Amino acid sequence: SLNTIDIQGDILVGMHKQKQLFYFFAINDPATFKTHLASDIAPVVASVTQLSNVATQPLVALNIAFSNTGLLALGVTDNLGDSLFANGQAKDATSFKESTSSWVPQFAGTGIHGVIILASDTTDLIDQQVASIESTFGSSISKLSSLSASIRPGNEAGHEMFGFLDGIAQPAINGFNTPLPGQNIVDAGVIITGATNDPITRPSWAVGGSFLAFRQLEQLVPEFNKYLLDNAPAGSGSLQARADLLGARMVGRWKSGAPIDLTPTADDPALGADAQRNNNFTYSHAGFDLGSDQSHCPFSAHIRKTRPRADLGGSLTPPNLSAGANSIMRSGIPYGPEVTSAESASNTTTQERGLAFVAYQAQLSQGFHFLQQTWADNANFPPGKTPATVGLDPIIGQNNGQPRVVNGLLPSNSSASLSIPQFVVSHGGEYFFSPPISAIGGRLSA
């Protein structure tokens, strides 16, 4: 049975606060760190149960996760069953056709021992909690770096920096979530280590945790906007409307959240807002060949690359349940300033903004790493298409800094190719393990 009282809340629910801080730390004097981990952190770690009840959301929601080197600093030599986690993300960078030479230097190594995720409706409240932690831990905790993040303002609340509504699609955990139309339904052990049908044996104290893949993904927003205007397909509407269509073709949803598979030529903001309808699709359409039809959604669209649905078989009618083991829970939040007047006018980025990307999964090789390397970065994925060369994911697809060839985006001609510069630039990140709450004051403090 899924013991949600013992699972950290960001994993299955998300913090859902206006402001978040990712506080990346090293451990000194581990015996002292441990005493404070047990006395000061464990009691204020927010659980799934706590966050699932709108009446027990804490003022400051706190989660904590440890890198491989952080667990080792705590004297934990156990095999958590994940080679990617053990090796650290810097060693995995070439899997994604990037180089750590481009990373924030603190990520390009294994000095980071963990991350504290703090979330609250104001930054003052976060800062007070950080000050309390630094006060009680003293020098046994050392801040290496941090990243502040926020829900975007006004009509962009819940949208990422390019302007698209985010956080729509997640796997439903069988026995825990009430599935929405079209939502994949997966065994708990796809996300939670040691939960139902996790095939990898874990240390006993690690049952109820998850691996957290963090990526600091800069977004080149003025450049993206200008690209869409410059490449907008011909049509009856305003130039901006035609540019908007191209952007929707790249993501697989309109900015409103409406999936293009269900509304391929025009936005439907009412559909985008409706969780009962906005995920209710499989990419299959009766009367169309799944292997060649890109009129509803390109084969290269971001969401189609990252959850293939009927492209990997299974039910043609919703819900499609394919590739459940390749599911990830996403808890990303935007970072950086909004686009400034001068950046928009010059079509040029000056300040860094983007997505503080967070993915949870029980097996890094099946989740984030797989989606990036085997799907998004693979010009021949999905398989069995005509033309066979789908191209790269236009949002996240990487090829060692080169422009990406992306096919199928133009509704007028599915064979038309575009060469697209990166609009998302990796600054690196790390793989962490978010332990069950019991382990925080338990094994990890022993």
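In case it trips you up, residue 1 is the first one in the sequence shown, and so on.
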| item | value |
| --- | --- |
| Segment of higher mean CA temperature factor, 252 to 260 or 313 to 321 | 313 to 321 |
| 285 to 293 or 267 to 275, whichever carries the higher mean Cα B-factor | 285 to 293 |
| Highest-ranked of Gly111, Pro334, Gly194, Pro179 once sorted by CA temperature factor in the record | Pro179 |
| Deposited CA B-factor, highest of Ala232, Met161, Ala149, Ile328 | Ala232 |
| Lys34 - Cα temperature factor, lowest/middle/highest third of chain | lowest |
| Chain third (lowest, middle, highest) by recorded CA B-factor, residue given as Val54 | highest |
| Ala446 CA temperature factor, ranked by third within the chain | highest |
| For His427, the third of its chain into which the C-alpha B factor falls | lowest |
| Modelled-residue ranking by C-alpha temperature factor, third containing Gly154 | highest |
